[PDB]
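Notes to accompany the following structure.
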Amino acid sequence: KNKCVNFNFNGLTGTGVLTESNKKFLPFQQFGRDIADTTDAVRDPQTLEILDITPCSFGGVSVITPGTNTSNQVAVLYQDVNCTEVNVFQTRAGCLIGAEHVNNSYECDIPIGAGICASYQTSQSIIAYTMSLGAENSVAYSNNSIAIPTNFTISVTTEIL
Amino acid sequence: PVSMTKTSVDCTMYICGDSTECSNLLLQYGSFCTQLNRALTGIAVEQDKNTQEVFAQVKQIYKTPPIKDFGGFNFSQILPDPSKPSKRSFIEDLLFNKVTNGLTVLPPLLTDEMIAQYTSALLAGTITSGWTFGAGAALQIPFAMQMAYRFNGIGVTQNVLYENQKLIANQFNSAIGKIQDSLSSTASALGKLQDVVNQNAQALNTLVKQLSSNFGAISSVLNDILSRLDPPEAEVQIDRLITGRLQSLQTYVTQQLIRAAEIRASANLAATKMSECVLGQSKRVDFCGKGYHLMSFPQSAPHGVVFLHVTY
Amino acid sequence: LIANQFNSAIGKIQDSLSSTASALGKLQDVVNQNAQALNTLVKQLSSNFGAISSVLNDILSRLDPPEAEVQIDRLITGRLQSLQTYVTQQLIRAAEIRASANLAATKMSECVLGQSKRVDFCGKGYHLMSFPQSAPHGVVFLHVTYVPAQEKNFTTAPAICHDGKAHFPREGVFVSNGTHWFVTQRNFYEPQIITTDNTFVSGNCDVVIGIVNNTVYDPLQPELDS
Ligand SMILES: *[C@@H]1O[C@H](CO)[C@@H](O[C@@H]2O[C@H](CO)[C@@H](O)[C@H](O)[C@H]2NC(C)=O)[C@H](O)[C@H]1NC(C)=O
Ligand SMILES: *[C@@H]1O[C@H](CO)[C@@H](O[C@@H]2O[C@H](CO)[C@@H](O)[C@H](O)[C@H]2NC(C)=O)[C@H](O)[C@H]1NC(C)=O
Ligand SMILES: *[C@@H]1O[C@H](CO)[C@@H](O[C@@H]2O[C@H](CO)[C@@H](O)[C@H](O)[C@H]2NC(C)=O)[C@H](O)[C@H]1NC(C)=O
Ligand SMILES: *[C@@H]1O[C@H](CO)[C@@H](O[C@@H]2O[C@H](CO)[C@@H](O)[C@H](O)[C@H]2NC(C)=O)[C@H](O)[C@H]1NC(C)=O
Ligand SMILES: *[C@@H]1O[C@H](CO)[C@@H](O[C@@H]2O[C@H](CO)[C@@H](O)[C@H](O)[C@H]2NC(C)=O)[C@H](O)[C@H]1NC(C)=O
Ligand SMILES: *[C@@H]1O[C@H](CO)[C@@H](O[C@@H]2O[C@H](CO)[C@@H](O)[C@H](O)[C@H]2NC(C)=O)[C@H](O)[C@H]1NC(C)=O
Ligand SMILES: *[C@@H]1O[C@H](CO)[C@@H](O)[C@H](O)[C@H]1NC(C)=O
Ligand SMILES: *[C@@H]1O[C@H](CO)[C@@H](O)[C@H](O)[C@H]1NC(C)=O
Ligand SMILES: *[C@@H]1O[C@H](CO)[C@@H](O)[C@H](O)[C@H]1NC(C)=O
Ligand SMILES: *[C@@H]1O[C@H](CO)[C@@H](O)[C@H](O)[C@H]1NC(C)=O
Ligand SMILES: *[C@@H]1O[C@H](CO)[C@@H](O)[C@H](O)[C@H]1NC(C)=O
């Protein structure tokens, strides 16, 4: 139990993790099914206890890197997995390796997910951080105060389409 | 609607789960696997971009003062409730509550709280400064005088507002209450959003279901073919299965591309509305609700946004 | 001052475009996509799709029709599928580009040929004008806008009381630096003396909220007694 194995029951085969279940099969029911006609549980033919089948942990492997022109130092993201199956940082996206966790918040350079971005900064190394939405501000609102411009500027912005 | 679910799929694992005999055959088909993955990646990036374009329209994170002396107008039902775990308003909570093999779901780059922060910033700016915070620096102004400007902007003199300030405020508050009531009882209001979800769900279930099919082969299970027939016969049946599953993946990806185009159109519209309507006062008819536009207030929602258009 | 600011901005544009290329990503991206869609296509010729070879003449030079037919059927199926994929992707991408182009045309109309009061449609600020510049497979708008820069605090009031009556500003707002009241246009501090030429009357002071007291100068009275 509790390991990724290649299982073969009475008439069926698969690869997964067998765990003690809480389901309630009927005396004649042998293998359970999901919504998508997917096998999720079985009954061991010898011992009548029910086992949940969880697919073996898997997911994308992505590389976080600044331009090679800058550095050859990188980080690795294992998506939607736990660091257990593999300077380590667990996130809603997965396990991040090679990047330092930092409390300081900056504007996003290389997005990762769930509000986590990364960048290459000063000695120099890759860092991951919760991204900053912007500089916090409070406006001096009062029922008898108004701010009026005494001056101006002429801005020229480029829009490419 | 603004964004979709950032789904991704491992074509190899979907077609040839834990099978080498199958994978070696699949290599014969070339780059089909890669281009499908590429398309889906594009879609996910587009979703993040949509959300950014819509909400991240403001330079700074403005916040309201503790005092709520807005000339009688009440915004408690749209401003953030600091007591609640998320920094979300009453109405935002209502909206969030009125919505419900090689496949993976990528999480969005911005979380519900960041979206809520953006909405709070926009709301505070619209309240304290009017439209000046879209042009540039937020310039404080009393709310009543802001509404006087908004009245002059629709060909109504400003004395009307001051002389009828209490009535206007009461009407506004009552309308907000009505919004609460409307959203609380009937869920159908958020169909546009729910629909989206359903579609994707369907498109996934269907996909998964297409594994249970034989596509003219002797069986649906790969291992059964491998273990029962010898290679020369097995290869043909596996070719049949691979053709079917690859076709299924292509269909899914194409439908997702089209759906993404639709969502991107919606998101561009939403961004245009947040600009011309929230950050300003639009004279485009029926672009900001049926009536003479005064202002609009945003509220986040699952994979989408909601505008409250205040009109005269 | 305005002319100098404008010219300096144009210089900054030159510098920005000369330094970094990333600015034109929107264009480059497009190119890249198409390139990929072609390379991929070409690559799909080198595949077998279950056949004995990825070449056609080799099959023709090895097998008789009875079997070359089968192999060629395999190749044809594969290549036709590849072409269909390419064409579908291209159709979708073309829809995307057409949307972009329609937007660009709308901008050239509402922004260059005119002065739009749509916000952020024609650059961050109050739109003054825009100038087009071509580019490979696209267009580039230089949006000239007016951005207020230096701002000052003032006490304000929605109206005032002169003789029990209420005076509202015709074009602008009432302000006070602490001692004296003025009326000025909202978008630029140009304080003026409060008169009947700058204001209009409506009702009295027992209705308006936040109303204040001050004297409205009537230009006519001095002219008479003079
Ligand atoms: C078959 O032999 C197995 C090997 O012990 C036994 O398994 C039992 O299964 C029954 C019901 O299937 C359970 O009530 C028992 O708890 C199991 N015992 C143990 C110790 O595993 C059992 O003797 C035989 N099972 C059957 C099908 O009769
Ligand atoms: C606006 O109307 C709302 C009705 O919801 C009221 O806001 C409540 O204010 C009381 C104290 O006055 C608080 O105990 C409640 O938590 C508030 N309710 C909510 C859900 O916001 C109040 O009558 C008015 N508030 C303002 C700011 O004007
Ligand atoms: C203008 O119409 C409004 C309806 O919105 C009237 O305002 C109401 O006034 C009555 C009593 O006069 C109150 O009972 C209501 O609470 C007000 N309505 C709302 C929704 O606030 C107003 O009386 C009308 N004015 C004229 C010119 O008759
Ligand atoms: C209004 O703001 C503008 C922009 O800062 C000021 O114009 C600049 O003035 C400085 C020094 O006075 C010069 O170095 C620049 O050459 C000017 N800008 C350009 C490019 O023309 C202007 O001085 C400000 N006016 C006020 C009222 O302070
Ligand atoms: C507020 O602005 C005006 C600048 O015009 C100042 O008001 C002047 O006050 C002086 C001193 O009594 C008078 O002689 C002028 O007639 C006033 N000007 C006008 C046209 O009203 C006032 O001093 C400023 N206040 C401060 C604190 O600087
Ligand atoms: C403008 O001046 C008038 C005249 O003094 C003020 O009216 C007085 O208001 C106070 C309380 O605010 C009352 O006790 C008096 O009876 C009122 N006087 C008269 C004769 O009307 C008014 O408050 C002032 N308004 C402002 C903006 O300060
Ligand atoms: C590497 O970066 C430097 C610094 O900007 C730049 O001058 C140079 O052109 C870059 N080289 C490449 C490979 O683009
Ligand atoms: C990751 O593993 C740790 C320890 O092995 C465990 O406590 C935690 O529940 C796991 N987290 C997830 C995401 O399953
Ligand atoms: C972040 O702050 C927490 C809370 O004090 C602390 O334990 C941790 O060391 C800090 N991490 C970094 C990167 O400094
Ligand atoms: C106005 O005074 C307030 C004090 O609360 C300050 O925050 C603000 O910057 C001032 N505005 C200007 C620049 O006049
Ligand atoms: C402005 O606010 C203060 C405190 O909130 C209050 O004492 C005063 O009555 C208000 N003035 C107006 C315009 O009612």
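Here Swiss-Prot sets the residue numbers for chain A, with the shown residues being 535-620, 641-676, 689-727 in order.
The backbone N, Cα and C atoms fix where each Cβ goes, and this holds for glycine too.
Taken from Swiss-Prot as is:
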| type | residues | note |
| --- | --- | --- |
| DISULFID | A:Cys538-A:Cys590 | disulfide bond |
| CARBOHYD | A:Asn603 | N-linked glycosylation site |
| CARBOHYD | A:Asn616 | N-linked glycosylation site |
| DISULFID | A:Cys617-A:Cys649 | disulfide bond |
| CARBOHYD | A:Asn657 | N-linked glycosylation site |
| DISULFID | A:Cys662-A:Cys671 | disulfide bond |
| CARBOHYD | A:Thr676 | O-linked glycosylation site |
| CARBOHYD | A:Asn709 | N-linked glycosylation site |
| CARBOHYD | A:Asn717 | N-linked glycosylation site |
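Shown on the structure are the features that Swiss-Prot records.
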| residue | record | DSSP (3 states) |
| --- | --- | --- |
| A:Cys590 | disulfide bond | coil |
| A:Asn603 | N-linked glycosylation site | coil |
| A:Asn616 | N-linked glycosylation site | coil |
| A:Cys649 | disulfide bond | strand |
| A:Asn657 | N-linked glycosylation site | coil |
| A:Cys662 | disulfide bond | coil |
| A:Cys671 | disulfide bond | strand |
| A:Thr676 | O-linked glycosylation site | coil |
| A:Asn709 | N-linked glycosylation site | coil |
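The 10 Å shell around the Cβ of A:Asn603 (N-linked glycosylation site) contains 5 further Cβ atoms across the protein chains shown. Minimal Cβ crowding within 10 Å, among the glycosylation sites A:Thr676, A:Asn709, A:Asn717, is found at A:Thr676. Ranking the disulfide-bonded residues A:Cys590, A:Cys662 by C-beta neighbours within 10 Å puts A:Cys662 at the top. Proximity to chain C, defined as a C-beta distance under 8 Å, is registered for the following recorded positions out of A:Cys649, A:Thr676, A:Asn709, A:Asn717: A:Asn709, A:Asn717. In sequence order, A:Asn709 are the recorded positions among A:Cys538, A:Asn603, A:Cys617, A:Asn657, A:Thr676, A:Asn709 whose C-beta falls under 8 Å from a C-beta of chain B. A count of other CB atoms within 10 A of each Cβ picks out A:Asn616 as the most crowded of the glycosylation sites A:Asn616, A:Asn657. Other Cβ atoms within 10 Å of the Cβ of A:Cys649 (disulfide bond), summed over all protein chains shown, number 20. Of all the disulfide-bonded residues listed (A:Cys538, A:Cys617, A:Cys671), A:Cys671 sits in the most crowded Cβ setting, with the most other Cβ atoms within 10 Å. Following the DSSP three-state reduction, the secondary structure of A:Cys538 (disulfide bond) is strand. The Cα atom of A:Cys649 (disulfide bond) lies nearest to that of A:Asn616, taking the recorded positions A:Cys590, A:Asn603, A:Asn616, A:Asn657, A:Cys671 as the candidates. When the Cα atoms are compared, A:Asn709 (N-linked glycosylation site) and A:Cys538 (disulfide bond) turn out to be 67 Å apart.
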